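Below is one structure, written out as structure tokens; comments come after it.
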Amino acid sequence: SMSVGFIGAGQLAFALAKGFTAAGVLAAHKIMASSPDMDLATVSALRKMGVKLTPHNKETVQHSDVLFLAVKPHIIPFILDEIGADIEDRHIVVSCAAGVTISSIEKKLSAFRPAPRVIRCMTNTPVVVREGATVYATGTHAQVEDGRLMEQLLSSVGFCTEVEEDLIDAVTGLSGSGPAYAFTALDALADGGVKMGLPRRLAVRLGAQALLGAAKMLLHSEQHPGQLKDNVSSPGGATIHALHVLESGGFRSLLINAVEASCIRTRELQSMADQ
Amino acid sequence: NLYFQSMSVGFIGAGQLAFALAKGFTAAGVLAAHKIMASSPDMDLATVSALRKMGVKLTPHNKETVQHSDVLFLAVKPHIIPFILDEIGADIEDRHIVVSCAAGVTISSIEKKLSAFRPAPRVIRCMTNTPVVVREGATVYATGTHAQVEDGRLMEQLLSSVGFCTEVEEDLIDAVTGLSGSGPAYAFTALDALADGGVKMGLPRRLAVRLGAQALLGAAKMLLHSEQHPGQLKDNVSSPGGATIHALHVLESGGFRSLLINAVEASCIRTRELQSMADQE
Amino acid sequence: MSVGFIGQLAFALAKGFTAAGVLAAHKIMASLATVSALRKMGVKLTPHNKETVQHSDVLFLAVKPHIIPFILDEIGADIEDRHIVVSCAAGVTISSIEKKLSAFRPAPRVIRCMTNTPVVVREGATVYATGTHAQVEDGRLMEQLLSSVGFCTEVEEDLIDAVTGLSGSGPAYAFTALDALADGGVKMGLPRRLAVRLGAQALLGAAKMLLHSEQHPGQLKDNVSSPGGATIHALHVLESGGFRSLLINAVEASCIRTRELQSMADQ
Amino acid sequence: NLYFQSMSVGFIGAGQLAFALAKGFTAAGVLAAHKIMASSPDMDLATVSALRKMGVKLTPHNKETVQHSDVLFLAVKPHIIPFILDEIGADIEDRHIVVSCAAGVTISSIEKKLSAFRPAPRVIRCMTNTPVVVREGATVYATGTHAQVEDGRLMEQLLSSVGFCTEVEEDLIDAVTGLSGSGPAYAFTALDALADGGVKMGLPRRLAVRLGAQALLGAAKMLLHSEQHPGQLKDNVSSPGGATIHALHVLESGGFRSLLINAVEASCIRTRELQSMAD
Ligand SMILES: O=C(O)[C@@H]1CSCN1
């Protein structure tokens with residue numbers, strides 16, 4: 001029955017609308033999206049999906065029950081001023097804009113109506129193939145049923161759980177930025193395959209399949225990742241020789257640096273949102 | 001396409017690979033567990049206990065596995081193979097398809113051993129990986145001299161039920177070992193580290209493990225279902241000034257890409273070394 | 001129309017403009033090494049900045065960033081309403097120029113521009129941001145003029161520091177790279193002149209391929225490298241030295257330094 | 001100038017380099033697309049479909065390419081050149097000019113194999129690169145033992161239509177491979193990284209790609225059209241205390257120059273290794 005809105009038509013809003021349509025959890029005609037600059041590829045992609053489109057962010061608000069904000073962080077204060085008068089009591093405001101705090105949203109929206117129902121969301125692009133990783137934090141006036149609605153909605157396109165808002169910066173550095181780390185790794189792994197004689201296309205396919213299978217093994221396993229690493233590495237063998245050169249470059253610490261750098265940049269954005 | 005419901009499969013070795021392939025095959029429903037025999041040097045393994053409860057038949061006699069099976073998976077260490085080939089060589093019949101999974105061991109080395117017993121052994125060489133156990137493996141195979149056309153097609157249908165499977169020329173399989181053969185251990189290492197980073201930044205350990213693994217799987221599936229270069233997807237998900245591009249920069253400053261190239265090379269080279277040392281003896 | 005200059009960037013723009021036929025070289029007045037060349041082109045040279053302002057319609061300011069305030073104080077009273085003041089000085093913000101000029105006349109038409117030296121062969125990269133009092137047609141006029149000597153597009157002013165780090169400093173990164181590539185060719189036995197020519201032609205062709213392709217640079221990279229071949233071996237050693245991260249460091253350092261100049265200009 | 005529009009051109013290999021040369025030659029107008037024939041062991045390549053739409057005749061028989069062509073480009077992998085030469089050596093005629101593009105394959109090795117079928121094979125070795133597709137390639141060539149005076153001239157004319165082309169001694173070509181052969185890949189890596197830097201500092205990706213590429217194009221054009229040392233051009237653009245000289249310093253602190261020297265060397269050394277593994 002319910003309707004879903006997207007303010008913004010970027011990569012992430014497209015990913016959610018496509019993953020939601022592929023889940024059949026609501027008919028695409030229940031979905032509206034507004035961008036003042038939407039590219040015709042994203043227009044023709046969403047329109048063929050059945051996703052209703054408009055340039056007027058207020059049209060989305062009046063159409064929608066659940067309202068996704070998927071725009072750049074600095075654009076958010078302008079959005080809230082535009083649509084703030086149109087926020088009804090029925091609306092659930094789900095922010096995806098990175099580092100934008102529930103406080104900064106509730107402050108803006110409280111100038112119009114006193115109890116805005118706000119949820120902060122950290123999701124990632126693989127929702128487009130329904131394998132996203134999502135966390136959400138509920139705001140001051142979000143009713144308990146709102147969090148469940150959020151949970152059921154985002155569970156149709158990947159993993160989803162509730163966290164305290166203070167962990168969302170860290171989730172950003174981990175699962176939010178994660179897919180870009182994977183894409184970088186797969187491009188380098190394939191370069192390695194090419195270096196050793198594989199055709200590029202086959203190298204790309206084999207590396208991506210190996211990553212997926214490994215991650216799936218861990219998800220469906222009780223065991224520590226180090227234990228599964230142990231089970232792959234035969235004595236004297238090729239895998240342990242490879243693991244050694246990874247260690248010599250400090251491979252593990254680079255991934256730690258990455259999550260940390262992304263979380264800290266997210267906090268730097270959280271401060272400008274709160275300033 | 002092909003009818004192999006009444007086909008018997010054997011494993012020489014009952015290690016991580018025999019267990020992973022048998023679990024995948026019986027989970028795919030293309031093999032009844034009681035049509036699978038495995039032989040192991042010792043029966044005090046955790047792998048044999050799980051094969052027994054799976055319904056797989058467990059013998060200590062390699063010749064018994066050979067007599068029971070039509071397709072014969074050789075899943076032992078690379079330096080054992082010429083001793084297995086000696087023990088069972090006379091037991092090999094015309095009906096047998098011998099599938100070697102040892103890293104490095106060449107089709108011609110196996111054909112040479114077996115030919116001393118019977119002239120036209122049907123040999124296939126393959127490189128698979130442990131995620132066959134959840135049916136998301138990556139497998140390549142090459143066909144030997146006396147491999148029939150149906151033999152490669154039969155092998156590809158078998159291994160496709162537990163992951164991606166394609167045919168390659170044999171001289172690529174060492175490279176493949178370094179990529180998808182060792183690939184899972186690189187992912188496990190990467191996931192352990194990513195989870196340490198999540199923990200450093202405040203997340204509970206179990207949630208950090210869960211989120212990194214889900215991030216890796218979804219990204220891999222994204223690429224497998226996309227017609228786009230991995231760099232384009234990197235580009236697509238990196239907003240200007242954002243957290244992700246800042247993280248990408250510190251990966252680059254450590255030479256993250258070169259380490260993965262180093263790893264694939266080291267594994268492929270070690271795989272070639274193991275064969276050379278074997279062929280010297 | 002008429003154009004004036006108030007450098008190595010002043011020469012480069014006048015050279016490209018004339019070669020494009022967009023402006024008669026004599027409708028151009030400027031105010032060193034580049035003084036012998038410019039006069040040869042039939043471009044009017046005058047030592048008095050005030051003469052340049054009185055003759056010109058469009059006014060490029062190509063001086064050192066801490067030198068603009070002194071020029072503005074000097075010519076400010078001579079800025080009529082027909083004038084468009086285009087600042088190319090690195091880091092000098094639109095606000096700082098308008099502040100100076102507005103003590104003389106309330107609505108100065110200011111445009112801020114980040115262009116680079118390859119305008120001299122009409123392959124520049126130019127961005128520009130329109131000032132508080134510039135009408136729409138001032139932006140379009142500027143876009144038409146600088147499109148004649150390379151790529152040109154409008155940006156928000158807060159992207160110009162980033163553009164400085166990418167295409168503004170870019171040509172020096174390429175000159176450093178071609179000098180090193182030529183040292184490499186020389187090491188492997190090529191004559192120096194042949195190595196310089198072949199390296200620069202490789203760079204040019206590669207850049208033109210990317211400008212004319214719909215594909216990602218990584219996709220074009222894949223196409224060069226045959227399996228097991230020479231190119232992928234060379235790519236590996238680039239990766240092992242963190243070659244990509246150095247170029248990221250470069251754009252970042254240039255952009256940050258531009259911001260620090262942008263502060264000295266606003267202080 | 002030599003007249004050659006009506007000659008037929010053959011590619012053994014319908015891969016990335018055969019496509020690049022065919023695309024460049026047809027866009028230059030020096031050959032008609034229907035006068036080109038290419039052969040490949042694999043017809044499902046994206047490049048093979050691209051050649052079809054151009055009007056290039058595609059066959060899976062290396063024999064037919066030879067019989068169709070006057071000039072014959074060898075754009076196969078290096079190690080398979082020996083099997084190709086045995087396969088079509090009997091079909092080589094006196095009218096044929098054989099042009100090897102394979103990295104590292106020496107004129108001596110080609111002439112040795114081909115001399116077994118008919119003496120005086122006309123062989124030319126060249127190293128070119130993918131930007132021929134936009135007619136800005138970099139090509140060197142060396143004439144073989146039995147190449148006529150005209151064959152080198154005809155070869156230079158053909159390849160100058162798609163970029164720079166000059167004659168070199170054969171012992172320089174391995175070095176040219178590491179420089180202009182692999183060159184474009186170094187530039188693509190550079191452009192990707194520069195765009196990453198632009199994005200980090202806040203530019204949209206597409207804008208950073210365009211600006212980075214345009215910066216490199218115009219820098220390269222400046223150098224080619226000036227008589228000045230790359231170092232003098234670097235000096236001319238680095239104002240004192242400015243943003244550029246700050247960025248140059250971080251480049252130097254990472255040994256940026258040495259990485260590019262390492263790259264040319266590695267590619268050239270690998271090019272030699274490949275020929276020594278053949279021999
Ligand atoms: O990597 C390679 O072999 C190709 C052929 S020479 C330069 N690029």
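Here is how names work: the chains are called A, B, and so on, in the same order as the sequence lines, proteins then strands, and each is numbered from 1. Below, each value reflects all heavy atoms present in this structure, side chains not excepted, and no hydrogens, waters or symmetry copies.
Counting heavy-atom pairs closer than 4.5 Å to chain C, the top residue among D/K234, D/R272, D/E273, D/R210 is D/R210. Counting heavy-atom pairs closer than 4.5 Å to chain D, the top residue among C/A174, C/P171, C/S245 is C/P171. Put simply, of C/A162, C/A182, C/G170, C/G185, the one with the most heavy-atom pairs under 4.5 Å next to chain D is C/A162. Each of C/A202, C/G91, C/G168, C/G189 has some count of heavy-atom pairs under 4.5 Å with chain D, and the biggest count is that of C/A202. Chain C forms the most heavy-atom pairs under 4.5 Å with one residue out of D/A193, D/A243, D/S253, and that residue is D/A243. Taking chain C as the reference chain and counting heavy-atom pairs below 4.5 Å, the highest number among D/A208, D/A20, D/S238 is found for D/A208. Heavy-atom pairs under 4.5 Å with chain C were tallied for D/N262, D/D171, D/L203; the largest tally goes to D/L203. Among the candidates C/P191, C/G242, C/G205, C/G218, the residue making the largest number of heavy-atom pairs closer than 4.5 Å to chain D is C/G205. Each of C/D222, C/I232, C/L198 has some count of heavy-atom pairs under 4.5 Å with chain D, and the biggest count is that of C/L198. Note: C/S167 leads C/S167, C/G165, C/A253 in heavy-atom pairs under 4.5 Å with chain D. Looking only at heavy-atom pairs under 4.5 Å with chain C, the residue among D/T271, D/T130, D/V140 that has the most is D/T130. Interface summary for chain C: among D/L251, D/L248, D/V168, the most heavy-atom pairs under 4.5 angstrom belong to D/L251.
Neither the backbone nor the side chain of D/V132 comes within contact range of chain C, judged by heavy atoms closer than 4.5 Å. Heavy atoms of C/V163 lying under 4.5 Å from chain D belong to its backbone as well as its side chain. Interface remark: D/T166 contributes side-chain atoms only to the contact with chain C (heavy atom separation under 4.5 Å). The contact between D/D192 and chain C is made by backbone and side chain atoms together, counting heavy-atom distances below 4.5 Å.
In summary, D/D196 and D/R205 engage in a salt bridge, as defined by a charged side-chain N under 4.0 Å from a carboxylate O.
In this structure, OG on D/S100 lies 8.5 Å from CE on D/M127, to the nearest 0.5 angstrom.
With contacts defined as side-chain heavy-atom distances shorter than 4.5 Å, the pair C/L194/D/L172 qualifies. At least one side-chain heavy atom of D/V133 sits less than 4.5 Å from a side-chain heavy atom of D/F19.
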**OP:** Could you check D/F256 against D/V250 for side-chain contact (heavy atoms from CB on, under 4.5 Å), going step by step and ending with a plain yes or no?
**Re:** CA-CA 9 Å; D/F256 177 74; D/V250 303; over 6 Å; no
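The salt bridge (charged side-chain N to carboxylate O under 4.0 Å, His left out) analysis of residues 120-130 of chain C, with sequence neighbours excluded, yields no pairs.
Although no hydrogens or angles enter the test, the distance criterion places a donor-acceptor pair under 3.5 Å between the side chain of C/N116 and the main chain of C/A125.
The aromatic rings of C/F60 and C/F17 lie tilted to each other, with the angle between the two planes from 30° to 60°.
Every side-chain contact (heavy atoms from CB on, under 4.5 Å) that D/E265 has, sequence neighbours left out, goes to C/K187, C/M188, D/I269.
In the displayed structure, D/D44 atom CG is contacted under 6.0 Å by at most 12 heavy atoms of other residues, nucleotides or ligands.
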